[PDB]
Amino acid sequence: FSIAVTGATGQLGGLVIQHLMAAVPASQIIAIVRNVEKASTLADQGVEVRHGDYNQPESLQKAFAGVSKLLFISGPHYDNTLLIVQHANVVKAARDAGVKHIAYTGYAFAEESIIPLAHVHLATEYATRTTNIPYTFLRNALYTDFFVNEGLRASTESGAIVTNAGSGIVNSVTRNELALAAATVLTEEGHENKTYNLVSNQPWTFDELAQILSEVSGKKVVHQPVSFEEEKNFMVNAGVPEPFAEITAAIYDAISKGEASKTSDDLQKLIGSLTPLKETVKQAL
């Protein structure tokens, strides 16, 4: 037997393996990585480490060989068309190695989405289907870790959380809750050919965040929403690179449209109760 995790030294990937070794011996987990030495700490724990590179098809056969269950995590690249080619090659290699279950990290409510990245994941889910391998589509929400972290200290002393998200509702969940979801699916039965939209059923807004921030800190914080340009400017003024700031402005702009505003019980049915936003604020200070 054998469970493989791509993106293993990535943030989601790493957590899946940590959660995985609660349920299975490390000798049953395979970490697939493009620079093996940077996974040395996982090799130390007995997890087998393999070289795999979405960008080099010639690398994948040996990465997937003999594996029963594959956690296929989408590539971090932001060239969407490129992502298609990469994923398509991952899927073909998984097919040829004779993998028995593919779990894929896609996008929640992708059929309704207003963003080209949704089409990447949709294309990939269809790619996985041609394969005939039993599948699980793990359509992860945005990470809460992204908005709830160190950086909110600035907002504490500034008095403001600045975004371009307007009154947008956010269905985000912690990276850790999503990782546990993945790990659960890989280690118990009944998830074959299932599509899960893994989001919060207790959504929030940035006025809420400002408000919870005020309570758990002590200083008042308001949410000052602004334009796409003004927010890209805000972060630039404070040392964040322009491409990185396009991304963050991208995420917020999407939020303001309804992109993170649909909910589901899928994740809660899977992992039990979610971590409240307030507790996640505390586990950040």
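The first residue of the shown sequence is 1; numbering continues from there.
If you average the C-alpha B-factors over 151-159 and over 138-146, the higher value belongs to 151-159. Judged by mean Cα B factor in the deposited record, 274-282 ranks above the other of 274-282 and 3-11. Taking the deposited Cα B-factors for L60, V216, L70, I32, the highest one is held by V216. Per the deposited record, the Cα B-factor of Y196 falls in the lowest third when ranked against the other modelled residues of its chain. In the PDB entry, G98 places in the middle third of its chain by CA B-factor. For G166, the recorded CA temperature factor ranks within the highest third of the chain's modelled residues. Sort the modelled residues of the chain by CA B factor and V47 lands in the middle third. In the deposited entry, the Cα temperature factor of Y78 sits in the top third of values across the chain's modelled residues.
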